[PDB]
Protein chains: 2
Amino acid sequence: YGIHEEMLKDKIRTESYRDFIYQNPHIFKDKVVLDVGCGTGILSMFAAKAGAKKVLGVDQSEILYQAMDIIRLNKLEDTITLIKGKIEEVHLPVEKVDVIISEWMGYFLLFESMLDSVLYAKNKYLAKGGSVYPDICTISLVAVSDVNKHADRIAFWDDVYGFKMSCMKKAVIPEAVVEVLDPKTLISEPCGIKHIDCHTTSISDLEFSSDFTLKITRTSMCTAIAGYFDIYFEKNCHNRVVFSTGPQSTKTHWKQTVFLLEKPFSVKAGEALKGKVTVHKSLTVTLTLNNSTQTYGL
Amino acid sequence: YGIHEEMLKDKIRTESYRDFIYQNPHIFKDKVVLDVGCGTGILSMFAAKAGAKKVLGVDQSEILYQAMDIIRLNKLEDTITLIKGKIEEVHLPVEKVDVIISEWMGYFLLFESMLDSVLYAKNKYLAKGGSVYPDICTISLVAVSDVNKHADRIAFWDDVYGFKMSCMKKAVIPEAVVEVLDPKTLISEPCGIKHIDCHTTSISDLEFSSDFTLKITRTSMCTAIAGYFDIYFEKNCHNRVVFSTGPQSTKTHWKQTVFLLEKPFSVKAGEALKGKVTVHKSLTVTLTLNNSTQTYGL
Ligand SMILES: O=C(NCC(=O)c1ccccc1)Nc1ccc2nnsc2c1
Ligand SMILES: O=C(NCC(=O)c1ccccc1)Nc1ccc2nnsc2c1
């Protein structure tokens, strides 16, 4: 229940979806809409208000029972039908749908995300000429300098209340951190490492490699690499909607994902820093930079 | 691994144990010490430095493997022996111990606490005339007024992006919240509801009822009841050690536990507010106040 309240209070997330739906009613007017992982059913109710003919909300979680009561309190049961279960298992009362909407995104976009479900739903249920929203996603990396925070996580273990705990460093390094970053600590321009169009993407496309270049903007000690993602509502929209989960933008519940570097190294403003990143499916992230390679998990 | 780092950075917690051990070396000098749920082994190393003859550190968790390396880095393996497993299952290389030390405390003292293990260890392994530390614990309640935070959790659901979500209130109310309270929001003197001496306490004593009286100190709307605990190191100490996890004291990782009231009600400064609390074994907490009864869990 906690997460749903948090997600609803995430204004950037929820109002982006609201605006997309309300400002593009033509996408919904008299349409059949599927809401994959509907939670409390908020997106389905948006879709109904924007003039959807039928809305099907699917979720495996016990939140669905609350969704049912919520739909009744708003007198929408004649438009919105809720079904408990995994999208891959449930039986729908229609063969095809016109529009798929979902808030599926995880930390670093892909960690524990529902994208597999959305893609499954797209392939089985989306009608010819149909649409999936949000339709476009990108992932970006950005270099960080924060010697003090690095010291708090790493050098910290050298002397703990007068005792050596150095071996613990090996255990902190592989754990990606979900946290809001001070944007002043960013020492490079961002670099996109992934672009996903939900209309063309397959499940195999979610495991990917990318070479990247970080355009350094401040001479400093690089201590970590941060990742985040942008969400776009584009196809057939008169009013496009974008939101970023990056540190230069208002915080969201996704915050940013931080991959700590074991051995910080100096960089110079104007320098082009090259590395390589690979994502495998929980998810892991393999980072090569400055001739070090580390695999991270969440 | 995260929790252990957090616990080590909890200065109030860790330095209280450090001071108790270092400032009362007579309790440890040439003694056999058992450390129940030893984690990284920090308390065992304190005990060794204070002059323990042998220290046995027990933990079921994979952190024990790190503890082993930590003990070696500090060259303490001739004094400290670590054993993986539950205290109720493992075989010890001694029949009896002189001193038991443990950091076992949970949120609201008893939520997911290791006290059962400590009591088991006391009964099976503590020698006649031996000691357990910390030896004394208390739990306290205190009344809270925070109409704004109450509105953020409850009235919030009346209108969510133009839709009714009132039914969700029933789901938020029973969930106790772990959070640091602004001490200005406290509207009563604290009232102790439980006193535990680890030398005399049994497992059945941890399920308890208490009538309480809250001495109201500010005329206001009571919106929640908060709970916390105090830890005492007393038996045979020349230098006693106390720490509180209450909101009038420096925050600890235990923060405070907050039980929201569904129907806030007004109180007057000087008023003696009577209620009843009962704890059952996860743990639940049943609260009667102002002729309402609610059971809470974590
Ligand atoms: O590592 C964290 N946060 C996690 C943290 O403080 C923590 C504390 C106790 C237990 C586990 C994690 N943040 C962070 C942010 C930016 C950074 N830049 N260079 S290193 C670094 C670390
Ligand atoms: O309820 C919370 N905190 C939990 C919270 O803000 C939250 C936010 C999103 C999801 C789950 C919990 N705190 C709190 C503190 C003091 C109070 N006094 N009267 S009501 C009250 C609530």
# chains A, B, ... in the order shown; residues from 1 in each chain; ligands from 1
>>> closest_atom_pairs(of="chain A", to="ligand 1", cutoff="7 Å", atoms="only C-alpha atoms and all ligand atoms", output="tab-separated table")
residue	atom	partner	partner_atom_place_in_ligand_line	distance
A:144	CA	ligand 1	18 (N)	5.7
A:145	CA	ligand 1	19 (N)	5.8
A:146	CA	ligand 1	19 (N)	4.5
A:147	CA	ligand 1	19 (N)	6.3
A:149	CA	ligand 1	21 (C)	4.8
A:150	CA	ligand 1	20 (S)	3.7
A:153	CA	ligand 1	1 (O)	5.8
A:177	CA	ligand 1	3 (N)	5.7
A:179	CA	ligand 1	3 (N)	6.4
A:181	CA	ligand 1	15 (C)	6.3
A:223	CA	ligand 1	19 (N)	4.3
A:224	CA	ligand 1	19 (N)	4.4
A:258	CA	ligand 1	15 (C)	6.3
A:260	CA	ligand 1	20 (S)	5.2
>>> closest_atom_pairs(of="chain B", to="ligand 2", cutoff="12 Å", atoms="only C-alpha atoms and all ligand atoms", output="CSV")
residue,atom,partner,partner_atom_place_in_ligand_line,distance
B:142,CA,ligand 2,18 (N),11.1
B:143,CA,ligand 2,18 (N),8.9
B:144,CA,ligand 2,18 (N),5.7
B:145,CA,ligand 2,19 (N),5.8
B:146,CA,ligand 2,19 (N),4.5
B:147,CA,ligand 2,19 (N),6.3
B:148,CA,ligand 2,20 (S),7.6
B:149,CA,ligand 2,21 (C),4.8
B:150,CA,ligand 2,20 (S),3.7
B:151,CA,ligand 2,20 (S),7.5
B:152,CA,ligand 2,6 (O),7.1
B:153,CA,ligand 2,1 (O),5.8
B:154,CA,ligand 2,20 (S),8.4
B:155,CA,ligand 2,20 (S),10.8
B:156,CA,ligand 2,8 (C),10.6
B:157,CA,ligand 2,9 (C),11.7
B:168,CA,ligand 2,10 (C),11.8
B:169,CA,ligand 2,11 (C),11.7
B:171,CA,ligand 2,11 (C),10.8
B:172,CA,ligand 2,11 (C),7.8
B:173,CA,ligand 2,1 (O),9.1
B:174,CA,ligand 2,1 (O),11.1
B:175,CA,ligand 2,12 (C),8.9
B:176,CA,ligand 2,1 (O),8.2
B:177,CA,ligand 2,3 (N),5.7
B:178,CA,ligand 2,3 (N),7.4
B:179,CA,ligand 2,3 (N),6.4
B:180,CA,ligand 2,15 (C),7.9
B:181,CA,ligand 2,15 (C),6.3
B:182,CA,ligand 2,16 (C),8.3
B:183,CA,ligand 2,16 (C),10.4
B:184,CA,ligand 2,16 (C),11.1
B:185,CA,ligand 2,18 (N),7.7
B:186,CA,ligand 2,18 (N),9.1
B:187,CA,ligand 2,18 (N),10.8
B:220,CA,ligand 2,19 (N),11.8
B:221,CA,ligand 2,19 (N),9.4
B:222,CA,ligand 2,19 (N),7.5
B:223,CA,ligand 2,19 (N),4.3
B:224,CA,ligand 2,19 (N),4.4
B:225,CA,ligand 2,18 (N),7.5
B:226,CA,ligand 2,16 (C),8.1
B:227,CA,ligand 2,16 (C),11.3
B:247,CA,ligand 2,16 (C),11.4
B:255,CA,ligand 2,15 (C),11.3
B:256,CA,ligand 2,15 (C),9.4
B:257,CA,ligand 2,15 (C),8.9
B:258,CA,ligand 2,15 (C),6.3
B:259,CA,ligand 2,21 (C),7.8
B:260,CA,ligand 2,20 (S),5.2
B:261,CA,ligand 2,20 (S),7.1
B:262,CA,ligand 2,20 (S),9.0
B:263,CA,ligand 2,20 (S),10.5
B:264,CA,ligand 2,19 (N),8.5
B:265,CA,ligand 2,19 (N),11.3
B:298,CA,ligand 2,12 (C),11.9
>>> select_by_dssp(residues="segment 168-239 of chain B", states="strand (DSSP E or B)", output="ChimeraX atom specification")
/B:175,177-179,186,188,191-197,208-216,220-233
>>> write_last_selection(atoms="N, CA, C and O atoms", output="short mmCIF file (atom, residue, chain, number, x, y, z; two decimals), in the first residue's frame")
data_model
loop_
_atom_site.label_atom_id
_atom_site.label_comp_id
_atom_site.auth_asym_id
_atom_site.auth_seq_id
_atom_site.Cartn_x
_atom_site.Cartn_y
_atom_site.Cartn_z
N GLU B 175 -1.23 0.51 9.68
CA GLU B 175 0.19 0.36 9.43
C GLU B 175 0.94 1.38 10.26
O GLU B 175 0.87 2.59 10.00
N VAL B 177 4.03 3.49 11.55
CA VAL B 177 5.02 4.18 10.73
C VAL B 177 6.29 4.36 11.54
O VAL B 177 6.24 4.75 12.72
N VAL B 178 7.43 4.04 10.93
CA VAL B 178 8.74 4.28 11.54
C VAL B 178 9.35 5.55 10.97
O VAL B 178 9.67 5.62 9.79
N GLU B 179 9.49 6.56 11.82
CA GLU B 179 9.82 7.88 11.35
C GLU B 179 10.30 8.74 12.51
O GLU B 179 9.85 8.54 13.65
N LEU B 186 4.83 16.97 19.93
CA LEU B 186 4.49 16.16 21.09
C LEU B 186 3.60 16.98 22.00
O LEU B 186 3.93 18.12 22.31
N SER B 188 2.08 15.66 25.02
CA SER B 188 1.97 15.10 26.35
C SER B 188 3.35 14.75 26.89
O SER B 188 4.33 14.65 26.14
N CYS B 191 4.67 8.37 28.86
CA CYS B 191 4.24 7.44 29.89
C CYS B 191 4.85 6.08 29.59
O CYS B 191 4.68 5.56 28.49
N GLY B 192 5.59 5.53 30.56
CA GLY B 192 6.18 4.20 30.44
C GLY B 192 5.05 3.19 30.47
O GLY B 192 4.10 3.34 31.23
N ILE B 193 5.14 2.17 29.62
CA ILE B 193 4.11 1.13 29.55
C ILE B 193 4.69 -0.26 29.76
O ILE B 193 3.96 -1.25 29.78
N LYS B 194 6.01 -0.33 29.88
CA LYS B 194 6.71 -1.59 29.99
C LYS B 194 8.11 -1.37 30.53
O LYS B 194 8.80 -0.42 30.14
N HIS B 195 8.50 -2.25 31.45
CA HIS B 195 9.83 -2.28 32.02
C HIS B 195 10.29 -3.73 31.99
O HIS B 195 9.60 -4.63 32.48
N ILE B 196 11.46 -3.95 31.41
CA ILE B 196 12.00 -5.29 31.22
C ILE B 196 13.40 -5.35 31.85
O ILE B 196 14.24 -4.50 31.53
N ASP B 197 13.62 -6.30 32.75
CA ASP B 197 14.97 -6.63 33.21
C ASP B 197 15.32 -7.98 32.61
O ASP B 197 14.69 -8.99 32.93
N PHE B 208 2.17 -8.32 26.55
CA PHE B 208 1.76 -7.62 27.75
C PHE B 208 0.66 -6.61 27.47
O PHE B 208 0.46 -6.20 26.33
N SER B 209 -0.05 -6.23 28.52
CA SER B 209 -1.04 -5.18 28.47
C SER B 209 -0.63 -4.15 29.48
O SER B 209 -0.04 -4.48 30.52
N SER B 210 -0.98 -2.90 29.20
CA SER B 210 -0.74 -1.84 30.15
C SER B 210 -1.80 -0.76 30.01
O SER B 210 -2.12 -0.35 28.89
N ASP B 211 -2.36 -0.34 31.14
CA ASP B 211 -3.19 0.85 31.17
C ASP B 211 -2.22 2.01 31.24
O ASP B 211 -1.20 1.91 31.91
N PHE B 212 -2.51 3.11 30.55
CA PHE B 212 -1.61 4.24 30.60
C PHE B 212 -2.35 5.55 30.78
O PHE B 212 -3.55 5.62 30.50
N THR B 213 -1.64 6.57 31.25
CA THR B 213 -2.21 7.91 31.36
C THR B 213 -1.29 8.92 30.72
O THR B 213 -0.12 9.01 31.09
N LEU B 214 -1.81 9.67 29.76
CA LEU B 214 -1.01 10.69 29.11
C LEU B 214 -1.30 12.07 29.70
O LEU B 214 -2.43 12.56 29.65
N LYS B 215 -0.28 12.69 30.28
CA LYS B 215 -0.47 14.00 30.88
C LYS B 215 -0.32 15.05 29.79
O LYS B 215 0.80 15.39 29.40
N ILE B 216 -1.46 15.52 29.29
CA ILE B 216 -1.49 16.50 28.20
C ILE B 216 -0.87 17.85 28.60
O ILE B 216 -1.13 18.38 29.70
N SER B 220 -4.87 21.03 21.96
CA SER B 220 -4.69 20.74 20.54
C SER B 220 -5.51 19.54 20.08
O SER B 220 -6.22 18.92 20.87
N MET B 221 -5.41 19.24 18.79
CA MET B 221 -6.02 18.05 18.21
C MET B 221 -5.00 16.91 18.25
O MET B 221 -3.95 16.99 17.60
N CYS B 222 -5.28 15.88 19.05
CA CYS B 222 -4.46 14.66 19.08
C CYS B 222 -4.70 13.84 17.82
O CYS B 222 -5.84 13.42 17.57
N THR B 223 -3.65 13.60 17.04
CA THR B 223 -3.76 12.93 15.73
C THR B 223 -3.10 11.56 15.66
O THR B 223 -3.40 10.76 14.77
N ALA B 224 -2.18 11.30 16.59
CA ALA B 224 -1.46 10.03 16.65
C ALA B 224 -0.90 9.78 18.05
O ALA B 224 -0.86 10.69 18.89
N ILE B 225 -0.48 8.54 18.28
CA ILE B 225 0.30 8.16 19.45
C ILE B 225 1.65 7.63 18.98
O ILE B 225 1.72 6.79 18.08
N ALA B 226 2.73 8.10 19.61
CA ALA B 226 4.06 7.65 19.24
C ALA B 226 4.67 6.77 20.32
O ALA B 226 4.41 6.96 21.51
N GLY B 227 5.49 5.82 19.91
CA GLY B 227 6.15 4.95 20.88
C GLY B 227 7.65 4.93 20.66
O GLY B 227 8.12 5.18 19.55
N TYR B 228 8.40 4.64 21.72
CA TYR B 228 9.86 4.55 21.65
C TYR B 228 10.33 3.80 22.86
O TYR B 228 9.51 3.38 23.69
N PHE B 229 11.64 3.63 22.99
CA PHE B 229 12.21 2.86 24.08
C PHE B 229 13.53 3.41 24.58
O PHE B 229 14.25 4.08 23.85
N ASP B 230 13.84 3.09 25.84
CA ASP B 230 15.10 3.47 26.45
C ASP B 230 15.87 2.22 26.82
O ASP B 230 15.28 1.20 27.17
N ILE B 231 17.20 2.30 26.67
CA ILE B 231 18.11 1.19 26.93
C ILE B 231 19.10 1.57 28.05
O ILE B 231 19.71 2.64 28.02
N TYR B 232 19.24 0.67 29.02
CA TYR B 232 20.06 0.95 30.21
C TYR B 232 21.07 -0.15 30.40
O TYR B 232 20.75 -1.33 30.28
N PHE B 233 22.30 0.25 30.73
CA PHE B 233 23.34 -0.68 31.17
C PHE B 233 23.59 -0.35 32.64
O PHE B 233 24.14 0.72 32.96
#
>>> atom_distance(atom1="atom CA of residue 160 of chain A", atom2="atom CA of residue 11 of chain B")
11.2 Å
>>> interface_residues(of="chain B", to="chain A", cutoff="9 Å", atoms="only C-alpha atoms", output="list in words")
residues 1, 2, 5, 8, 14, 15, 18, 40, 42, 45, 46, 66, 67, 69, 70, 71, 73, 74, 153, 160, 161, 163, 164, 165, 166, 167, 168, 171 and 172 of chain B
>>> residues_around(residues="residue 133 of chain B", least_positions_apart="3", cutoff="8 Å", atoms="only C-alpha atoms", output="list in words")
residues 99, 100, 101, 102, 136, 198 and 233 of chain B
>>> write_last_selection(atoms="C-alpha atoms", output="mmCIF file, in the first residue's frame")
data_model
loop_
_atom_site.group_PDB
_atom_site.id
_atom_site.type_symbol
_atom_site.label_atom_id
_atom_site.label_comp_id
_atom_site.auth_asym_id
_atom_site.auth_seq_id
_atom_site.Cartn_x
_atom_site.Cartn_y
_atom_site.Cartn_z
ATOM 1 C CA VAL B 99 28.482 -12.390 30.116
ATOM 2 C CA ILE B 100 25.933 -12.068 27.316
ATOM 3 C CA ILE B 101 25.976 -8.979 25.133
ATOM 4 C CA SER B 102 23.625 -8.299 22.263
ATOM 5 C CA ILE B 136 17.162 -2.944 31.497
ATOM 6 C CA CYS B 198 16.703 -9.182 30.990
ATOM 7 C CA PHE B 233 23.335 -0.675 31.165
#
>>> select_by_dssp(residues="segment 17-266 of chain A", states="helix (DSSP H, G or I)", output="MDAnalysis selection string")
chainID A and resid 17:22 25:27 42:49 63:73 115:125 147:153 155:158 166:172 183:185 203:206
>>> residues_around(residues="residue 36 of chain A", least_positions_apart="6", cutoff="8 Å", atoms="only C-alpha atoms", output="VMD selection string")
chain A and resid 57 to 59 87 100 to 104 117 to 118 121
>>> closest_residue(among="A:92, A:97, A:237, A:7", to="residue 129 of chain A", atoms="only C-alpha atoms")
A:97
>>> residues_around(residues="residue 283 of chain A", least_positions_apart="5", cutoff="8 Å", atoms="only C-alpha atoms", output="JSON, numbers by chain")
{"A": [110, 111, 112, 297, 298]}
>>> atom_distance(atom1="atom CA of residue 107 of chain B", atom2="atom CA of residue 10 of chain B")
14.2 Å
>>> residues_around(residues="residue 61 of chain A", least_positions_apart="6", cutoff="9 Å", atoms="only C-alpha atoms", output="PDB file with N, CA and C atoms, in the first residue's frame")
ATOM      1  N   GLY A  37      -0.903  -3.436 -15.112  1.00  0.00           N
ATOM      2  CA  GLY A  37      -0.430  -3.120 -13.768  1.00  0.00           C
ATOM      3  C   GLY A  37      -1.094  -1.859 -13.263  1.00  0.00           C
ATOM      4  N   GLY A  39      -2.680  -0.899 -10.538  1.00  0.00           N
ATOM      5  CA  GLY A  39      -2.619  -0.442  -9.147  1.00  0.00           C
ATOM      6  C   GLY A  39      -3.989  -0.029  -8.618  1.00  0.00           C
ATOM      7  N   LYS A  84      -7.921  -9.468 -11.756  1.00  0.00           N
ATOM      8  CA  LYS A  84      -6.769  -9.846 -10.938  1.00  0.00           C
ATOM      9  C   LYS A  84      -5.969 -10.977 -11.582  1.00  0.00           C
ATOM     10  N   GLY A  85      -4.654 -10.799 -11.646  1.00  0.00           N
ATOM     11  CA  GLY A  85      -3.758 -11.800 -12.207  1.00  0.00           C
ATOM     12  C   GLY A  85      -2.644 -11.178 -13.023  1.00  0.00           C
ATOM     13  N   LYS A  86      -1.763 -12.033 -13.535  1.00  0.00           N
ATOM     14  CA  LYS A  86      -0.691 -11.615 -14.427  1.00  0.00           C
ATOM     15  C   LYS A  86      -1.274 -11.530 -15.837  1.00  0.00           C
TER      16      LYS A  86
END
